[PDB]
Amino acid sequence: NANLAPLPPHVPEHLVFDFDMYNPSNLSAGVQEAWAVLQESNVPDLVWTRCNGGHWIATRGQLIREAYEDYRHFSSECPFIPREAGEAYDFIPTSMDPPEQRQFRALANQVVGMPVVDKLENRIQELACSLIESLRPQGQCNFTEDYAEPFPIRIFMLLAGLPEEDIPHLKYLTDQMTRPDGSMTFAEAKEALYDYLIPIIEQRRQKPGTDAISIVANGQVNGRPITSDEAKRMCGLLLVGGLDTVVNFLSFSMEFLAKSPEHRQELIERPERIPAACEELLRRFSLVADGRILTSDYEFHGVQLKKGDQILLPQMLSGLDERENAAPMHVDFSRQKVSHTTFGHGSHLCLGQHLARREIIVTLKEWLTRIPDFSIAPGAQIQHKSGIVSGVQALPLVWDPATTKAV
């Protein structure tokens, strides 16, 4: 096929599995199901796909976790597939490896960490409620557009002190970096995001506010002033994290709940199980998949990896691995040991995971208490999309207003 890069001389012929992370063949069964094909009976722990330029793929949690822990061999310098995107990718602190990464990660943690989340609690609560109550009497909604996007994005824009009217442009840009449609290369989308930030960063370094951008722009890294370029590379990352993570996850979760009245009932009858349900949904509907680049020739699990080789280490796959969780595709809110790497693993563990969990738990609680019974619009053929971050194209929901409650 013209979409297959010639197999490099060092890659064993028997390890070839032409998986396309941007258009997996079994996508119609669900994106997680599509990626799970990499864990079928006769698929090795480590395979090579000739798609998207050619790269390795660790298919089991054991190797995914090991690779993410070994930053000396598996560098974050070129973390995205295809290589062109990975090479243009220079966000901070994600494109850096420890020890260099740390001073910047500390600053980022200060702007989106737990302390910040705690302060945002009220506003997160208020927005969730206002959005749901407004939808409640209508008996229907386009979940992706009416809640999944506005809820987490507005909260991020509030945190970043950015005009909500700027969302359409920024969201288009972020999506081109995670699930490109062809209109822009990763490099072009990144350049536009940086172009957007440059004057805002300059403005806030002159007259700082209390928003995340001002904090980053006027911050220090281990005692010395952060530069304008560094602030830009950090703020670009924050924007992507805030506009294309939780937004997609909420849709996967709500699609599932709309299709499973039993699970909805469980959370309605036992509201205290919501935090645990949140973690199980994070495992079952994990959605991120980036990777690393080999810093030198290295034998890993009996496979000769060559310097420069890219390896996709799907955060999504660890928790779906039957070797980590029995009956992985089954959603069990009572699951005893919820194992996963949905928020990454190693030195780059997600900094916004605390904000993410709050947004998810608040959504589940506030939605179920107002709209306890809902379902997918009759006949709707839900479509998923695959990429660095997978998502749901559209999620039409319906419900009888008579069954709702105006809390």
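For every residue, the number given is its place in the sequence shown, counted from 1.
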Looking at the entry, does 81 to 89 or 254 to 262 show the higher mean C-alpha B-factor? 254 to 262
Greater mean Cα temperature factor according to the PDB record, 138 to 146 or 282 to 290: 138 to 146
Please pick out which of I200, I155, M316, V117 has the largest Cα B-factor as recorded in the entry. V117
Selection by C-alpha B-factor (highest) of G308, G209, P98, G241: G209
When the deposited Cα B-factors of this chain's modelled residues are ordered and cut into thirds, is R270 in the lowest, the middle or the highest one? highest
Lowest, middle or highest third: where is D70 by C-alpha B factor in its chain? lowest
Here the Cα B-factor of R323, set against its chain, lands in the third termed middle
Using the temperature factors of the C-alpha atoms in this entry, rank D195 within its chain: lowest, middle or highest third. lowest
Based on the entry's values, in what third of the chain does the Cα temperature factor of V389 lie: lowest, middle or highest? lowest
